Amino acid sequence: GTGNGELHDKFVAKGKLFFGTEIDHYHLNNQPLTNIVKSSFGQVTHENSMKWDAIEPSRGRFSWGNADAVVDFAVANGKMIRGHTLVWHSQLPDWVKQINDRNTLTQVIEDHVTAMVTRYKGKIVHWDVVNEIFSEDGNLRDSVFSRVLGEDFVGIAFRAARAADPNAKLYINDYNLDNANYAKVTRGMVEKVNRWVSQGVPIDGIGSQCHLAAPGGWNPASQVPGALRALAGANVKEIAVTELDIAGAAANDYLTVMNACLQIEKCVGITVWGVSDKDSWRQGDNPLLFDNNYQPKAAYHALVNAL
């Protein structure tokens, strides 16, 4: 009566756009992994093959194959795609950190942004236009971008993207937005998005990665419902949780995040950052919805039954 029985179809039935997961090309030949993506998730994000150094390793040399493989898989199976990510300080080629002429860095950014967004035009529901640009206290983190251009690289990148694919929602993404009172939320994301939306910058959405700790750690998800409402309170049309994982994978904790999004009008979807704990970037914390044998864990059944 609502798709198959599984997560993304039940989630979407309540009025949301997707419940997706993360994959990359080195998972395409893993059939337990790829069947769960087909049957339980409705959207994918590239884990690594859309980052700057994998896409443009030398200026004007684009290597599209690994990214294309994931995209072909996604569109062949009717999955949405979040593009991740256009401008980031991490895994960033050494040839861009060399440029300090504001013009050339602006050109480089447009070139990079325009190459990616055009190639995948019409196939990409959200682009993380900028990733991780805030310090833990709310100012711009130090990088060739913030040094050379200040806050200006944000509007440079968002405008290049909007110019290249008018259909994609343009997002800003960041981690540690997991407490409403935290500086990075109040003085960082909310304050500066308001200021940049005021200046004509086409920011459609805010992404909260939600790499969350177990109960009693620094960022437990006891507190996320109030943070997402803090974020959803800025002058943007939507928000999403984009890289969700929770150390321990407590049924109660996943329930908390899913229903937080369900109860926030502006929250259009959720992406967990992997299918199985075996392959997670923090496998020690065991933080996903499927175990090492690609069998559904307690949190997974819990979300399906709540829906």
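In case it trips you up, residue 1 is the first one in the sequence shown, and so on.
96-104 versus 229-237 - which carries the larger mean C-alpha B factor in the record: The entry gives the higher C-alpha B-factor average to 96-104.
Mean Cα B factor from the PDB record: higher for 59-67, or higher for 244-252? So the stretch with the higher mean C-alpha B-factor is 244-252.
For the listed residues 72, 174, 204, 151, which one has the largest C-alpha B-factor as given in the deposited model? Within the set 72, 174, 204, 151, 151 shows the top C-alpha B-factor.
Quick check for you: using the entry's CA B-factors within this chain, is residue 194 in the lowest, middle or highest third? It belongs to the middle third of the chain when residues are ordered by C-alpha B-factor.
For residue 276, the third of its chain into which the C-alpha B factor falls: Top third by C-alpha B-factor.
Among modelled residues of the same chain, the CA temperature factor third for residue 166: Answer is middle: the recorded C-alpha B-factor places it there.
Name the third of the chain's ranked CA B-factors that contains residue 128, choosing lowest, middle or highest. For residue 128, whose C-alpha B-factor we compare with every modelled residue in the chain, the answer is the lowest third.
Is the Cα B-factor recorded for residue 82 in the lowest, middle or highest third of its chain? For residue 82, whose C-alpha B-factor we compare with every modelled residue in the chain, the answer is the lowest third.
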